[PDB]
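Okay, so here's the structure we're looking at.
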Amino acid sequence: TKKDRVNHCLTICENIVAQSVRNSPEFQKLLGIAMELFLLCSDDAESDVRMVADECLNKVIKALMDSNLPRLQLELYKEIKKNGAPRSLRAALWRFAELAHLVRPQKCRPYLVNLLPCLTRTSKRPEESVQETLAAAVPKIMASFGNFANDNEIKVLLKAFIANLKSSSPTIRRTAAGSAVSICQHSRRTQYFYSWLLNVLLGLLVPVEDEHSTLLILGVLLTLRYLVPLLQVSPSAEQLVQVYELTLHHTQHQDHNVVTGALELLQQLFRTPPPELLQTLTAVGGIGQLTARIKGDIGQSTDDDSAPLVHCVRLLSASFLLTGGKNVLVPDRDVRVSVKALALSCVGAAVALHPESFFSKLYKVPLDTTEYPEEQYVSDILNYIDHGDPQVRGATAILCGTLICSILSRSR
């Protein structure tokens, strides 16, 4: 009956729209029963059956978004609480984020309380396909159901997703990170909930000379690429400078999945910087007032008589893409050319902030004139125009663009 199952689902659809009679005590009973039956047609495993009868459920909704919206959204909340099959629960979750901004604010507050028991179970599910669509609904649901919750309901929901940063799947790590940050745009207080996510994560990396379970090191740095775009009681000016020393230790912590995680976080905090953090780095003393492969004295980000952005260009160069003795390329065998690509785009976004870093010497205390004849400056960054692939000769194409943009605007 595999061809007999196809004809059954499609004839139920057309005889609802062609009724032209809604809000009737006969019409109310008919729409509840055969609405759950549209998804068993998708639950049955055949691509001739799964593709055909899922486009037919969308014919019902859109012809009824005017007439029967409160009857549509009551049958649909029932299936998530049923917590069904990972194919059945998935394609119902597309339907419920697009009708979230169609509810009325009269009936909205009953719909908020019932979802938080239902939105934690689908966070505990290890199916890698079920976890994906929730990172495309927690953007859409909690922006229209955002304002209707108090400070009690939203503190429970964010302790669950951080326990979904403790899993080892790359598909499940990036769906729990975009869920914590879409709530705080819409929670109740947009600025109060930005300062609260920064306290929870830095105790997961409280003092850095520990064993930090290097899968869990990657969970904390992906929630911070989504929230620095939103940082522009408040998040304090001493709360944001604890974020910044945490990464320079983690551009050195060896891996190829943990070195690439803290280098997308640094390219974005210079492009859209938080304005409290942005004045503490251009300043001359810098971090010294807030406290009161490399083989030389760089001078750490606590020292005075130099800005910290003078410090931060000496550090990302002699570890990744430069050797302190001579103008010479580093081999692609040592550092990957996916890892050398994100290190040329971080030296360029700081020159737009502090342009005096690019003219500095690489080592502060010079390095061993017996071994090496001459000491070099950071201008061998601009010898990576001849290096091989795109996005290195193209990301030293963009390193000369914002070095000229920001000397003219620095000295007038």
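Residue numbering restarts at 1 for every chain of the structure tokens, chains are lettered A, B, ... in their displayed order, and ligands are numbered from 1 as they appear.
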Test item: residues at most 12 Å from residue A:406, only C-alpha atoms, excluding those fewer than 4 positions along its chain, as a VMD selection string:
chain A and resid 348 to 358 399 to 402 410 to 412
Those same residues - N, CA, C and O atoms - I'd like them written as a compact mmCIF listing (two decimals), in the first residue's frame.
```txt
# COMPACT_ATOMS: atom_id res chain seq x y z
N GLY A 348 45.19 43.31 10.99
CA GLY A 348 44.65 44.42 10.24
C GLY A 348 43.54 45.20 10.91
O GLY A 348 43.36 46.38 10.63
N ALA A 349 42.80 44.57 11.82
CA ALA A 349 41.67 45.25 12.45
C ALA A 349 42.12 46.03 13.68
O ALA A 349 41.34 46.79 14.26
N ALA A 350 43.39 45.88 14.07
CA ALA A 350 43.91 46.61 15.22
C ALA A 350 44.63 47.88 14.79
O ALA A 350 44.76 48.83 15.57
N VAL A 351 45.11 47.91 13.55
CA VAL A 351 45.77 49.09 13.01
C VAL A 351 44.76 50.21 12.82
O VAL A 351 45.05 51.39 13.05
N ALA A 352 43.53 49.84 12.45
CA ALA A 352 42.40 50.76 12.47
C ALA A 352 42.08 51.27 13.87
O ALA A 352 41.46 52.33 14.00
N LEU A 353 42.48 50.54 14.91
CA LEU A 353 42.33 51.00 16.28
C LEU A 353 43.59 51.68 16.81
O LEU A 353 43.51 52.81 17.29
N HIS A 354 44.75 51.03 16.72
CA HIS A 354 45.99 51.60 17.24
C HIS A 354 47.08 51.42 16.20
O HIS A 354 47.69 50.35 16.09
N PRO A 355 47.37 52.47 15.43
CA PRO A 355 48.21 52.29 14.24
C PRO A 355 49.69 52.27 14.54
O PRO A 355 50.48 52.10 13.61
N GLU A 356 50.09 52.45 15.79
CA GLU A 356 51.51 52.53 16.11
C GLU A 356 52.10 51.16 16.39
O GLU A 356 53.28 51.05 16.74
N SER A 357 51.30 50.11 16.25
CA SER A 357 51.78 48.76 16.54
C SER A 357 52.58 48.19 15.37
O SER A 357 53.55 47.46 15.58
N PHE A 358 52.18 48.51 14.14
CA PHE A 358 52.77 47.92 12.95
C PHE A 358 54.20 48.39 12.71
O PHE A 358 54.94 47.73 11.98
N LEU A 399 45.71 43.63 4.42
CA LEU A 399 46.50 44.18 5.51
C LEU A 399 47.15 45.50 5.11
O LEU A 399 47.51 46.30 5.97
N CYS A 400 47.27 45.77 3.82
CA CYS A 400 47.80 47.05 3.37
C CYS A 400 46.67 48.05 3.12
O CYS A 400 46.93 49.24 2.94
N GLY A 401 45.42 47.60 3.16
CA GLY A 401 44.32 48.53 2.96
C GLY A 401 44.05 49.38 4.19
O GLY A 401 43.90 50.59 4.09
N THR A 402 44.00 48.75 5.35
CA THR A 402 43.70 49.45 6.58
C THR A 402 44.95 49.89 7.33
O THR A 402 44.82 50.45 8.41
N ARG A 410 44.79 59.03 11.74
CA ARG A 410 45.44 59.10 13.04
C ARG A 410 46.15 60.43 13.21
O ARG A 410 45.80 61.23 14.09
N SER A 411 47.16 60.69 12.39
CA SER A 411 47.72 62.01 12.21
C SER A 411 47.05 62.61 11.00
O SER A 411 47.08 62.00 9.92
N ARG A 412 46.49 63.81 11.15
CA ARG A 412 45.46 64.33 10.24
C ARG A 412 46.08 64.67 8.88
O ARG A 412 46.37 65.83 8.56
```
At what distance in Å, to one decimal, does atom CA of residue A:11 lie from atom CA of residue A:82?
26.2 Å
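For stretch 68-81 of chain A, the list of residues within 8 Å, based on only C-alpha atoms and with local chain neighbours fewer than 5 positions off taken out, reads residues 22, 23, 28, 31, 32, 35, 36, 61, 89, 92, 96, 103 and 118 of chain A.
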Take the residues just selected and output them with N, CA, C and O atoms as a compact mmCIF listing (two decimals), in the first residue's frame.
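Below is the file out.txt, written as the result:
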```txt
# COMPACT_ATOMS: atom_id res chain seq x y z
N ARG A 22 -15.92 28.21 8.20
CA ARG A 22 -15.03 28.13 9.34
C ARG A 22 -15.74 28.63 10.59
O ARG A 22 -16.84 29.19 10.52
N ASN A 23 -15.08 28.44 11.74
CA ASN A 23 -15.56 28.83 13.07
C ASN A 23 -16.92 28.20 13.39
O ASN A 23 -17.75 28.81 14.07
N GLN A 28 -15.04 22.63 13.93
CA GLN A 28 -13.96 22.61 14.92
C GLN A 28 -13.45 21.20 15.20
O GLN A 28 -12.24 21.01 15.40
N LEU A 31 -10.82 19.53 12.35
CA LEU A 31 -9.47 19.99 12.07
C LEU A 31 -8.48 19.46 13.10
O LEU A 31 -7.30 19.38 12.81
N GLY A 32 -8.95 19.04 14.27
CA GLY A 32 -8.02 18.50 15.25
C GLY A 32 -7.52 17.11 14.89
O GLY A 32 -6.34 16.79 15.03
N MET A 35 -5.12 16.53 11.59
CA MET A 35 -3.97 17.42 11.53
C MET A 35 -2.73 16.73 12.07
O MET A 35 -1.62 16.93 11.56
N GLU A 36 -2.92 15.90 13.10
CA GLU A 36 -1.84 15.03 13.55
C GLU A 36 -1.57 13.92 12.54
O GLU A 36 -0.50 13.31 12.56
N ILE A 61 -2.07 25.55 6.29
CA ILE A 61 -1.76 26.59 7.27
C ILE A 61 -1.98 27.97 6.68
O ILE A 61 -2.65 28.82 7.27
N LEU A 89 9.30 14.81 15.25
CA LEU A 89 9.41 16.03 16.04
C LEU A 89 10.13 17.14 15.28
O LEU A 89 9.99 18.31 15.62
N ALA A 92 7.85 19.39 12.48
CA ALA A 92 6.87 20.22 13.16
C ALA A 92 7.52 21.45 13.76
O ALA A 92 6.83 22.39 14.10
N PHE A 96 6.50 26.20 13.80
CA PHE A 96 6.03 26.81 15.04
C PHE A 96 6.82 28.07 15.34
O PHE A 96 6.46 28.84 16.24
N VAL A 103 0.87 35.22 16.83
CA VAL A 103 -0.01 35.09 17.99
C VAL A 103 -0.48 36.47 18.42
O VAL A 103 0.07 37.50 18.02
N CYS A 118 8.86 22.14 27.57
CA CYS A 118 9.03 21.46 26.29
C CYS A 118 10.33 21.86 25.61
O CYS A 118 10.86 21.10 24.79
```
Atom CA of residue A:272 to atom CA of residue A:240, distance in Å rounded to a single decimal:
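Separating atom CA of residue A:272 from atom CA of residue A:240 is a distance of 13.6 Å.
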For residue A:323, which residue among A:45, A:367, A:233, A:134 is the nearest when counting only C-alpha atoms?
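That would be A:367, the residue with the smallest distance to residue A:323.
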What does the structure give for the distance between atom CA of residue A:165 and atom CA of residue A:219, in Å to one decimal?
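Rounded to one decimal, the two atoms are 5.1 Å apart.
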Could you name the residues that touch stretch 243-245 of chain A at 8 Å or less, counting only C-alpha atoms, but leaving out those on the same chain fewer than 3 positions away, as an NGL selection string?
:A and (202 or 239-240 or 248-249 or 301)
Contacts of residue A:255 at 12 Å (only C-alpha atoms; same-chain gap of 2+ positions) as a PyMOL selection string
chain A and resi 214-215+217-218+250-253+257-262+334-336+339
